[PDB]
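>>> Requesting a structural model of the entry that follows:
(chains A, B, C, D, E, F and G)
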Amino acid sequence: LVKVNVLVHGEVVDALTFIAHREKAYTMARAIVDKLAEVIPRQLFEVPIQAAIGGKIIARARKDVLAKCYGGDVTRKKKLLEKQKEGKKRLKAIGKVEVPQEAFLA
Amino acid sequence: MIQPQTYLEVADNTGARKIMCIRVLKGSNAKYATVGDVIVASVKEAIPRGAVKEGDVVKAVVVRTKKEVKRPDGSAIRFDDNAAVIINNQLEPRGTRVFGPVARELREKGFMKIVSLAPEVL
Amino acid sequence: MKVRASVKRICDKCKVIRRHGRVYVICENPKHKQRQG
Amino acid sequence: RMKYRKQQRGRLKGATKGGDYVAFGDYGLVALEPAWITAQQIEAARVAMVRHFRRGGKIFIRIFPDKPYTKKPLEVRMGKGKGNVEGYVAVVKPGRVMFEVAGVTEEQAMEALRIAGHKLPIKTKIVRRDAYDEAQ
RNA sequence: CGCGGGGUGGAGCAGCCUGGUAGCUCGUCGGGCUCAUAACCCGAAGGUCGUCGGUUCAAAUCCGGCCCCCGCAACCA
RNA sequence: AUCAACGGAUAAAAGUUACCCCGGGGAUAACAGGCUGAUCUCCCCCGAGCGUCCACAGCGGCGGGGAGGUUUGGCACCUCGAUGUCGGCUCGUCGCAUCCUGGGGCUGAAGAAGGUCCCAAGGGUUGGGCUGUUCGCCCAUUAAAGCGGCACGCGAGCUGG
RNA sequence: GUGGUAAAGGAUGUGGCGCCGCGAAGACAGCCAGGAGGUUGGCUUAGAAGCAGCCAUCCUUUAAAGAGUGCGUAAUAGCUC
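Numbers count the residues shown, from 1 in each chain, chains lettered A, B, ... in the order given. What follows is the structure:
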């Protein structure tokens, strides 16, 4: 029966996982795990909430300023491209919570 | 008679006599909110404790204050614009509605029971 | 299922087709639309 | 990957015609007048190979990895003197002999060769034992 | 996609740029002061110098490009 | 004598202009044109290994072929004796590789529901919420609520943030 | 409607060409009845005793000799070949 869990950037997530018996691990993985996407996205980080059932992960479930200095500089584009790129590393980390549970449970 | 959003009188189960409208309920293009129709709308005014509270709702016509015609060319105007309220697809929340006899109302004939419930004076 | 390409006799034994200039294969099974056309 | 410990940092170019030869082991392939082929793809062969030969039928691979390529940095504009690196290929022109001996026997390769044949960016051809050679 | 700034004993930097040689601090092992602990007295202890591949009779070092960290850069279009 | 911006104007030498001017020139950009098609947009190809019996309903890892030419640019010869350069309303229209309605195929299809795949422009294809925005989110939806063309349709017709 | 700017790979397109299955004691079919007679699993035996997940390497007939290609589950049937 084991105890198939799940993963979601954070940890422990809502409150799933039971007992994956008879390959039942991935059996429902591509099902429940792929919970659409919590209906709500919250931010543009795109956290990857996998399924820490008991591995070894299993399941596998941003402003637009860049184009404004138009017509040139595959240079300066990059300059302003890194600015926000740094936030992600400082966001997902500092941006505690990021847990939008209590959606539909499906 | 017709309306997108507007001030239109509810006179129904709101805790005060008004609802803001949203729009016509069926034909995509239509603009006009013809009578004998159900509508999306909302109250803006207050309530005494009550029930329905603030939020959103779908529901129906009463009167017009802008020219009807009958096939028998009966006619009937009224410088005021109340309209019906409904829960779900169809049934009428409040079991109370003061209003008169009137003509166009039942004629959609999707909700016959109502007619009894608003028969009277004023 | 008009596939664009390939087609290599997949209802096992199967008939090459020549019609409307178009060229296909049908065998015993509908679950074998080898119309690369 | 498959290259190392470079003499330089960037070859020049050419491509016109060349010469390989006989098979080693009475199973093999050969092609036409190839453009360079990336190593992944080159390695992909054996990668594509391994699964199919009894998912184990051992085979010598083939030709060695070669030339550098790059978009300098990326897609800014020329300004580079011509540098930076990533991918490697093969000298490929008369239709080089491909190496495919195993003992894994018959069609299992021969269609894997078609697998290979369907693989790789050049029309090819299919070969085995034929007519020897000799060397001192 | 440039730069200029550099990566060192547990941590801290000194020490190097001036080819044949790393030091100063607490914290540190064991030891003195005690009803017990701090204080306070002492010892000893211990360093591929981010990699690397090279110049070199030899490289912490000279030198080069890969690896992280600092800062300057990134125009009117 | 690093006069090494090393054939050197001095022997001794910084900037800043959006307060600028004035000349000249397409013998260098910006929007645009076109160029090839790099990146993108899409379609096949191989078939792993999956997905109650499955390689080829469903998909597609590792790959390849493209095509196409709207974004990224590289370009740069039309031009500097005038290519007025964002969205917006107006009124359009081609194109389909379709987004809703046609007609099928196919089901891991009882059937309705659906999914997926062909072939086809007659049409049609919303009002708002808020910011310069297309875009995007959303609210009710409603048969449905598509891309993209056309100097990023549209200044001798405007708007003008 | 190939001329008519395209790859890949498909293609019993078609053409003629050389190389190899005519066995007129006569074939590959297409046909029709047989389509094996001790040809039945020790490892699943939930049945496989070909026709799910587990060996095919010797005789009987010769009509041919399917170690068995097939559709699948109570073996099995039952239709191919």
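>>> Quick check: residue D:126 is in a strand.
Yes. Under DSSP: H, G, I helix; E, B strand; the rest coil, residue D:126 falls within a strand.
>>> State the distance from the residue nearest the centre of chain B to residue C:2.
For chain B, residue B:83 is the residue whose C-alpha lies nearest the centre (CA atoms, centre = their mean; 1.8 Å). For residue B:83, the distance to residue C:2 (CB to CB, to the nearest Å) stands at 55 Å. In short, each C-beta sits where N, CA and C put it, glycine included.
>>> Neighbours of whichever residue of chain D sits closest to chain A, how many?
Across chain D, the shortest distance to chain A (CB to the nearest CB) belongs to residue D:76, at 4.1 Å. Residues near residue D:76, counting by other CB atoms under 10 Å in any protein chain shown, number 15.
>>> Over to it. Which of the three states is it?
Following three-state DSSP, residue D:76 is assigned to coil.
>>> Spatially, which residue comes closest to it, not counting chain neighbours?
Leaving out its chain neighbours, the residue that sits closest to residue D:76 by CB to CB, 6 or more residues apart in numbering or on different chains is residue A:74, at 4.1 Å.
>>> pretty sure residue D:21 contacts residue D:132?
No. Judged on CB atoms under 8 Å, residue D:21 makes no contact with residue D:132 at a distance of 10.6 Å.
>>> Tell me which stretches of chain D form helices.
D:39-50, D:107-118 (DSSP state H).
>>> contacting residues around whatever residue of chain D ends up closest to RNA strand G?
At 3.7 Å from RNA strand G, residue D:123 is the closest residue in chain D, using CB to the nearest atom of the strand. Applying CB atoms under 8 Å, 6 or more residues apart in numbering or on different chains to residue D:123 gives the contacts D:31, D:32.
>>> wait, what's in contact with residue D:61?
By CB under 8 Å, 6+ apart, the contact set of residue D:61 is D:45, D:46, D:49, D:99.
>>> Take those residues and write them to TSV, including distance to chain A and neighbour count.
As requested, these are exported to TSV (distance: CB to the nearest CB, whole Å; neighbours: other CB atoms under 10 Å in any protein chain shown):
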residue	distance to chain A	neighbour count
D:45	28	24
D:46	28	13
D:49	28	24
D:99	37	18
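>>> I'd like the helices of chain D as a markdown table, with distance to RNA strand F appended.
Converted to a markdown table, the helices of chain D look like this (distance: least, CB to the nearest atom of the strand, whole Å):
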| stretch | distance to RNA strand F |
| --- | --- |
| helix D:39-50 | 3 |
| helix D:107-118 | 4 |
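>>> Compare the ones you listed and give me the one nearest residue A:92.
For residue A:92, the closest of those is helix D:39-50, at 31.6 Å, according to CB to CB.
>>> Show residues contacting that closest one.
So helix D:39-50 is contacted by D:1-3, D:56, D:59, D:61-63, D:65, D:87-90, D:112, D:115-116, D:119-121 (CB under 8 Å, 6+ apart).
>>> likewise stretch B:38-48?
Applying CB under 8 Å, 6+ apart, the external contacts of stretch B:38-48 come out as B:3, B:5, B:8, B:10, B:14-25, B:33, B:52-61, B:83-84, B:86.
>>> Can you get me the start-to-end distance on it?
26 Å (CA to CA, to the nearest Å).
>>> Which positions in it come out as buried?
Of all the residues in stretch B:38-48, those buried under the rule 16 or more other CB atoms under 10 Å in any protein chain shown are B:38, B:39, B:41, B:42, B:43.
>>> ok, which stretches of chain C are helices?
Counting by DSSP H, chain C contains no helices.
>>> just the strands in it please.
Remark: strands assigned in chain C by DSSP state E are C:15-19, C:22-26.
>>> right, so those strands: which one is the most enclosed?
When those are scored by mean count of other CB atoms under 10 Å in any protein chain shown, the highest mean neighbour count falls to strand C:22-26 (a mean of 15).
>>> Against RNA strand G - does it have any residue that ends up touching it?
Yes. Using CB under 7 Å from any atom of the strand, strand C:22-26 reaches RNA strand G at residue C:23.
>>> Now do residue D:119 against RNA strand E, distance only.
Residue D:119 is 31 Å from RNA strand E, where distance means CB to the nearest atom of the strand, to the nearest Å.
>>> For residue B:38, what are phi and psi?
phi -100, psi 160 (degrees, to the nearest 10).
>>> Just the endpoints, please. Distance across stretch D:102-113?
Its start and end residues considered, stretch D:102-113 measures 12 Å (CA to CA).
>>> does RNA strand G sit close to it?
No. Counting by CB under 7 Å from any atom of the strand, RNA strand G is not contacted by stretch D:102-113; separation bottoms out at 10.2 Å.
>>> What are the buried residues along that stretch?
Applying 16+ other CB under 10 Å to stretch D:102-113 flags D:102, D:104, D:109, D:110, D:112, D:113 as buried.
>>> can you check stretch D:17-35 too?
Quick answer for stretch D:17-35 (16+ other CB under 10 Å): D:23, D:27, D:28, D:29, D:30, D:31, D:34.
>>> Export these to TSV and append columns for distance to residue B:118.
Shown next, in TSV, are the buried residues of stretch D:17-35 (distance: CB to CB, whole Å):
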residue	distance to residue B:118
D:23	97
D:27	93
D:28	93
D:29	89
D:30	92
D:31	88
D:34	87
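>>> between the residues you listed, which is nearest RNA strand E?
residue D:34 (30.7 Å).
>>> Could you count how many residues lie near the closest residue in space to the closest one that isn't next to it in sequence?
Among residues not flanking residue D:34 along the chain, residue D:92 sits closest, at 3.4 Å (CB to CB, 6+ apart). Using other CB under 10 Å, residue D:92 has 23 neighbouring residues.
>>> unless I'm mixing things up, residue D:92 is touching residue D:30, no?
No. Residue D:92 lies out of contact with residue D:30 (CB under 8 Å); the separation is 10.8 Å.
>>> For residue 33, give me its contacts.
If you meant another chain, say so; for now it's chain A. Here residue A:33 is in contact with A:6, A:50, A:51, A:58, A:59, A:61 (CB under 8 Å, 6+ apart).
>>> my bad, the chain I had in mind was chain D
Applying CB under 8 Å, 6+ apart, one finds that residue D:33 lies in contact with D:17, D:93, D:94, D:95, D:122.
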